[PDB]
Amino acid sequence: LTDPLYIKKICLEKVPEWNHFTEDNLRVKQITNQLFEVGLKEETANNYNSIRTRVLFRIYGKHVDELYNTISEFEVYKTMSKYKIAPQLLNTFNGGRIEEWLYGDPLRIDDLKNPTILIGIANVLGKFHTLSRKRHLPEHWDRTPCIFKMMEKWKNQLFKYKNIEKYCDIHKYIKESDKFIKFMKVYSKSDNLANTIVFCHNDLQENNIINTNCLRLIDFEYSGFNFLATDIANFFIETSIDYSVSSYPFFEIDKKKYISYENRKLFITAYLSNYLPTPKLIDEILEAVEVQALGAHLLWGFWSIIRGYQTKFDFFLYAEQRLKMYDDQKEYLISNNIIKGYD
Ligand SMILES: C[N+](C)(C)CCO
Ligand SMILES: [Ca+2]
Ligand SMILES: [Mg+2]
């Protein structure tokens, strides 16, 4: 399946506009899952201007079922595909799918410091979040907030690993997550707009946002119903994490890079213009986002341990950083009297 002759054979069989070509007409380039650009070679492309000349060929990661329900992932994707939110579905094959090729660049860490970019991301997220009240999403879909489901599932998965202390205070964090979850079942019941349940992406970060000749969202693996502030929290956290480091550990974290308050207000203002602003409301949303960040750290800390056991990026050292970020955020929130009856 990493065999380019086979990737070609599948594309010729599954992409109707390409069924007459042979593998001599096709180019394969490799670009947690496996992605290949598949495309018509230059001279072939030049004779076929009326059709797609590229596809994203996607081979499903071998252990993603430990993270999410595979059947649901696809159902959710087809819907985001039909609504033109996600990359268009071209076809499936045994072990993956073929998608529309997006022409554009993922955003980089430094784009998130640009207020104009921040806005367009806010504009896009705001309009995205109205989907559940403006279109009728399948009624059989689970409305339970994904924060709750992802946390329980990922915490429970950690039990499968026995030598887990060797990667240290994991049982403390596990306990800490039970505290977050208990606190959030109370917290989330107040009237705060930041508690509205909407259909969330659940993994916003610059590399899941593509800049085309407009900003598009991608990678809806984790997408599902969640507290709206959850979606904003991940994005805000991600302003301080750079994944482009090209040597061990392949990441950098800089607290000082965390999106300024000035830029956070700007973002929510732009967000609400598309989602729906009282200054009190902006600050109540910003508070909920800071409360949700607490749970984001535990969640992605657990996710990253699970990934480290799957693979063999230093997932374990990244897990360690996110769990440290939980400690810093907890101490920020408690010592500023923002959360109470947590411990
Ligand atoms: C955003 N993380 C890198 C923490 C994992 C999701 O792809
Ligand atoms: Ca980031
Ligand atoms: Mg992605």
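Residues numbered from 1 in each chain as written, not as in the entry; some residues may be left out. Chains lettered and ligands numbered in written order. Heavy atoms only, no water. Residues with missing side-chain atoms left out of burial classes, pairs and counts.

- Method of determination, as annotated in the archive: X-ray crystallography, at 2.200 Å resolution.

Some words on the sheet that holds strand 1 (residues 26–30)
Consideration 1: With antiparallel pairing, the 5 strands of this open sheet are ordered in space as 1-2-3-5-4. Where the open sheet ends on each side, the last strands, each with one partner, are strand 1 and strand 4 (89–93). On average, each strand axis in the sheet is inclined to that of its neighbour by 25°, with strand direction left out of account.
Consideration 2: Pairing between strand 2 (residues 34–40) and strand 3 (residues 54–59): 6 bridges, direction antiparallel. Opposite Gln34, over in strand 3, you have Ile59 as the bridge partner.
Consideration 3: Those strands touched by helix 1 (residues 4–14) are strand 1, strand 2, strand 3, strand 4 and strand 5 (96–100), and its axis lies near 125° from that of strand 1.
Consideration 4: Contacts from helix 3 (residues 70–82) reach strand 4 and strand 5 within the one sheet, and its direction differs from that of strand 4 by about 155°. (Pairing = 2+ DSSP bridges. Helix = DSSP H or I, 4+ residues; strand = E, 2+ residues; numbered from the N terminus. Axes fitted to C-alpha atoms, helices over the stretch in contact; angles between N-to-C directions. Contact = heavy atoms within 4.5 Å.)

Comments concerning the coordination of the calcium ion (ligand 2)
Consideration 1: Around the calcium ion (ligand 2), the donor atoms from the protein are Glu206 (OE), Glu206 (OE), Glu238 (O), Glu238 (OE) and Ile241 (O), and they sit 2.4 to 2.5 Å away. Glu238 shares its class with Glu206; the two are buried. (Donors = N, O, S within 2.8 Å, 3.2 Å for Na, K, Ca; no water. Buried < 20%, exposed > 50% of the residue type's maximum accessible area, 1.4 Å probe, protein only.)

Overview of the nonpolar core
Consideration 1: Of all hydrophobic cores here, the largest spans 86 residues; its most connected members are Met80 and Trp154.
Consideration 2: By residue number, the principal contributor to this core is helix 10 (residues 279–310), which donates 15 residues.
Consideration 3: In terms of nonpolar packing, the next biggest core, distinct from the first, is built from 18 residues, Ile7, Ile10, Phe21 and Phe93 among them. (Core = buried A, V, L, I, M, F, W, Y, C linked by side-chain atoms within 4.5 Å.)

Quick look at the sheet that holds strand 8 (residues 209–211)
Consideration 1: With antiparallel pairing, the 3 strands of this open sheet are ordered in space as 6-8-9. Single-partner strands in this sheet number two, and they are strand 6 (105–106) and strand 9 (215–217).
Consideration 2: The pairing of strand 8 with strand 9 spans 3 bridges and is antiparallel. Opposite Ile210, over in strand 9, you have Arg216 as the bridge partner.

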